[PDB]
K.L.:
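Have a look at the structure that comes next, please.
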Amino acid sequence: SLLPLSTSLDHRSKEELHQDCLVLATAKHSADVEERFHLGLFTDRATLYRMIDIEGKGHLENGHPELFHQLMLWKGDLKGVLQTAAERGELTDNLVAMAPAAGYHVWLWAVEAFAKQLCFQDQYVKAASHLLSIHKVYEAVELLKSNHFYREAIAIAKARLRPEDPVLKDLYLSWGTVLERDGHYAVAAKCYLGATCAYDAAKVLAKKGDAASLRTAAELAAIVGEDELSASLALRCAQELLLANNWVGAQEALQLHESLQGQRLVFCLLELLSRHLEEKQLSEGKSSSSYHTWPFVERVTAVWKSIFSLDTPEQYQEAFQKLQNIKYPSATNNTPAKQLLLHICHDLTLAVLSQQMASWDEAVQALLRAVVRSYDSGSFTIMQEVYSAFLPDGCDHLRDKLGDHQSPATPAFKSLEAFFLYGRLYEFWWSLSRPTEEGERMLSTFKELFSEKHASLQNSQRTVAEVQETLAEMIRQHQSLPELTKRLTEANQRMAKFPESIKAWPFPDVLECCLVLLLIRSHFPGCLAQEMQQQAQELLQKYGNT
């Protein structure tokens, strides 16, 4: 198998095996031996060497370089064999294993040469293993790292290098950066943990945005310290867990850091209100609403006393102070229907809380802030049921406590009562349509809703916001005028003359409240609405043409 050409040649016919012997006989006792190279096994070294490198060329021109190198070993030029195979890149486990015959340094050169060759054949782990035998750990780690064999690079670095070697620490960070790039956040968190940088591990887990990922990042943060980070992470998990109406999942995430104690009350009020809402909307419902098993205002106070131990007024203040600091954005018209309700419930929570510690002034301000938020977002039905839940009877039972010119917060009381009548008037309107029992007695109570000062001021803010759109239109088109400045003076100077109270507290659109009353009035002939119809008519003319 290793000398195949001569093996067949000496198996020829006896015709050519007889001239073969006589050529051999003559040689011992010379161009006739040239043709018969197979007689090298019997004559001398020189003809045997010529014999061996004719089986060489023939192990190459057959596709068996492994046999060619084995033949070259017999001649005794092992050092020269490796260099030849190095140039043409046919080094193998067999060749390197025979390398130390020439010498140790020949083996040293052979493995590095074999390592370089194995790289070009996409054999990187094997190449790195050979580099380890040369006692080149840093080169082996660098070679694997540069080819994104991070798992194998770490294993060799972990086993061979010290745990605190900067080479090892960088491997985790380098691998974590790659894994984080393509959405493998969970594993990339472990790489940062291995890199003894725990803070970055929690944040990477948070970057997923998933509810479970948010929770585990919060728990992971708490283990390594990072208490202020854990609270922020747990809160975000709870906010995401109400997006699926998981009211038991949401409240457990708030049990992590115990600085969320203030936010626990909000999610309790948010849950009970949402139960109060979906109940009297479709008279029944089960929409994966995972409720707990625990007068609306007294119903949340009772639950707060039991489920959260909020009985004595000592910690009413701490809950109030911990909650009054947090502010939310302006809550524009477009906003998720679940986050918007949470923002309202935060202001509602302060309202009931202030009601507990006889803080009537802040109670109306917190209530007003909750109503306004809902009104500003256009969610009229939510604004209406807030009054139903928190002011079930009316609004006069708060006037005696503070509204009798007792505190400077009664301007805020007027806004809250004005918004209450706004819903009452709208309701009275839809009652006239398909979806008199209300009685005219109640109709002559919206008189406070028709405030000329609030009507004029909302008219002034209309032109000013309009003026800032006529000019902003013209400068936009660039890429009546003299009176336009004058009309600002008619308004921008006018609303400056009002008391600071008028501009401090919002009001319902008096012009809109004047449309509905006239519009409602169009169903009942022979009413005349006393002076109320005329006053609404007069107000419409004065601020409606503009």
Side-chain angles (χ1 to χ4, degrees), residues 65 69 73 78-79 81-205 207 216-217 220-221 223-226:
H69 297 119
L73 159 69
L78 192 270
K79 189 169 174 180
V81 188
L82 298 166
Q83 318 200 7
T84 299
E87 307 282 5
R88 49 202 294 146
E90 286 134 77
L91 285 161
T92 36
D93 173 291
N94 195 38
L95 268 168
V96 190
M98 286 168 342
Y104 182 69
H105 57 63
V106 187
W107 174 73
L108 276 187
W109 168 85
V111 186
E112 323 163 14
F114 189 35
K116 303 189 183 114
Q117 171 196 316
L118 278 168
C119 297
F120 304 147
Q121 321 192 263
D122 306 339
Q123 286 264 33
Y124 288 100
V125 190
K126 187 200 214 298
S129 291
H130 278 292
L131 265 159
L132 270 191
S133 97
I134 332 171
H135 306 131
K136 302 182 153 353
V137 188
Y138 292 122
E139 292 79 340
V141 170
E142 277 160 2
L143 156 74
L144 281 170
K145 159 182 198 181
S146 316
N147 298 269
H148 319 139
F149 289 94
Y150 288 107
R151 204 173 245 102
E152 300 90 329
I154 294 187
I156 291 153
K158 192 76 125 174
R160 293 302 231 284
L161 305 171
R162 317 268 304 291
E164 69 270 47
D165 259 4
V167 185
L168 178 55
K169 178 159 150 24
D170 168 50
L171 267 163
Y172 295 120
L173 304 167
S174 178
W175 194 18
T177 304
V178 174
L179 287 165
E180 139 167 32
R181 271 203 298 99
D182 47 350
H184 289 75
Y185 297 110
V187 47
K190 208 29 185 186
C191 299
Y192 283 116
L193 270 171
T196 177
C197 51
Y199 176 77
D200 308 342
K203 274 190 160 176
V204 170
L205 258 186
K207 280 180 80 268
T216 181
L220 187 141
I223 283 160
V224 306
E226 300 303 310

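Nothing fancy with the numbering, it's 1 onward along the sequence.
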K.L.:
Any heavy-atom pair between the side chains of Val204 and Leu179 that's under 4.5 Å?
P.N.:
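No, their side chains stay 4.5 Å or more apart.
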K.L.:
What I'd like to find out is whether the side chain of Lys203 reaches to under 4.5 Å of the side chain of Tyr192, using heavy atoms alone.
P.N.:
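They are not in contact (no side-chain heavy atoms under 4.5 Å apart), so the answer is no.
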K.L.:
Enter the distance from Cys197:SG to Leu173:CG here, rounded to the nearest 0.5 Å.
P.N.:
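These two atoms lie 5.0 Å from each other.
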K.L.:
Do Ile134 and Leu108 make a side-chain contact, defined as non-hydrogen atoms from C-beta onward lying under 4.5 Å apart?
P.N.:
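Side chain of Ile134 against side chain of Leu108, heavy atoms only: contact under 4.5 Å found.
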K.L.:
Do you know which two heavy atoms are closest between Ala99 and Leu82, and how far apart they sit?
P.N.:
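For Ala99 and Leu82, the tightest heavy-atom pair comes out as CB-CD1, 3.7 Å.
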K.L.:
With distance as the sole test, does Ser174 use its side chain to make a donor-acceptor pair with the main-chain N or O of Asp170 at under 3.5 Å?
P.N.:
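Not a single qualifying donor-acceptor pair exists.
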K.L.:
Give the minimum heavy-atom separation between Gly176 and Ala188, together with the two atoms involved.
P.N.:
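In terms of heavy atoms, the two residues are closest at O-CB, 3.8 Å.
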K.L.:
Atom CG of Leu161 and atom OH of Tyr138: how far apart are they, to the nearest 0.5 Å?
P.N.:
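One finds 5.0 Å between CG of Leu161 and OH of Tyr138.
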K.L.:
Do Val141 and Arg160 come close enough that some side-chain heavy atom pair is under 4.5 Å?
P.N.:
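No, every pair of side-chain atoms sits at 4.5 Å or beyond.
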K.L.:
Does the plane of the ring in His148 sit parallel, tilted or perpendicular to the ring in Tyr150? Use 30° and 60° as the thresholds.
P.N.:
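Plane angle under 30°, so parallel.
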K.L.:
Restricting to non-hydrogen atoms, name the atom on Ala140 and the atom on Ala128 that form the minimum distance, rounded to 0.1 Å.
P.N.:
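It is CB-O, 3.7 Å.
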K.L.:
So, the side chain of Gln117 versus the backbone of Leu91: is there a donor-acceptor pair under 3.5 Å, distance only?
P.N.:
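Yes, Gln117 side chain to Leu91 backbone: donor-acceptor pair under 3.5 Å.
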K.L.:
How many angstroms lie between atom NE2 of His69 and atom OG1 of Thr92, to the nearest 0.5 angstrom?
P.N.:
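Rounded to the nearest 0.5 Å, the NE2-OG1 separation comes out at 7.0 Å.
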K.L.:
Applying side chain to side chain donor-acceptor pair (under 3.5 Å), run through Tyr124 and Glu152 and close with a yes or a no.
P.N.:
CA-CA 10 Å; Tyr124 288 100; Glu152 300 90 329; over 6 Å; no
K.L.:
Shortest non-hydrogen contact from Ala153 to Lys145?
P.N.:
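That would be CB-N, 4.1 Å.
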K.L.:
Find out whether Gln121 and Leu118 are in side-chain contact, i.e. whether some heavy atom of one side chain is under 4.5 Å from a heavy atom of the other.
P.N.:
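Side-chain contact under 4.5 Å: yes.
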K.L.:
Kindly compute the distance separating CD (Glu180) from CG (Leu205), expressed to the nearest 0.5 Å.
P.N.:
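Rounded to the nearest 0.5 Å, the CD-CG separation comes to 10.5 Å.
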K.L.:
Identify the two heavy atoms, one from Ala97 and one from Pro100, that lie closest to each other, and give their separation to 0.1 Å.
P.N.:
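Closest approach of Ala97 to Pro100: O-CD, 3.4 Å.
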K.L.:
How long is the span from the CG atom in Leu168 to the OG1 atom in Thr196, to the nearest 0.5 Å?
P.N.:
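Reported value, rounded in 0.5 Å steps: 11.0 Å.
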K.L.:
Which value, rounded to the nearest 0.5 Å, describes the distance between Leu144 atom CG and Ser129 atom OG?
P.N.:
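Rounded to the nearest 0.5 Å, the CG-OG separation comes out at 8.0 Å.
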K.L.:
State whether the number of non-hydrogen atoms from other residues, nucleotides or ligands found under 6.0 Å of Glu87 atom CD is greater than 12.
P.N.:
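For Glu87, atom CD is not crowded (no more than 12 foreign heavy atoms under 6.0 Å).
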K.L.:
Looking at side-chain heavy atoms only, is the closest gap between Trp175 and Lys190 below 4.5 Å?
P.N.:
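In short, these two side chains do not touch, never coming nearer than 4.5 Å.
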K.L.:
Of all heavy-atom pairs between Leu220 and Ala198, which one has the smallest distance, and what is that distance?
P.N.:
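Residues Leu220 and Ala198, closest heavy atoms: CD2-O, 4.4 Å.
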K.L.:
Does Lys126 have more than 12 heavy atoms from other residues, nucleotides or ligands lying within 6.0 Å of its NZ?
P.N.:
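Enclosed: over 12 neighbouring heavy atoms sit under 6.0 Å from NZ of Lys126.
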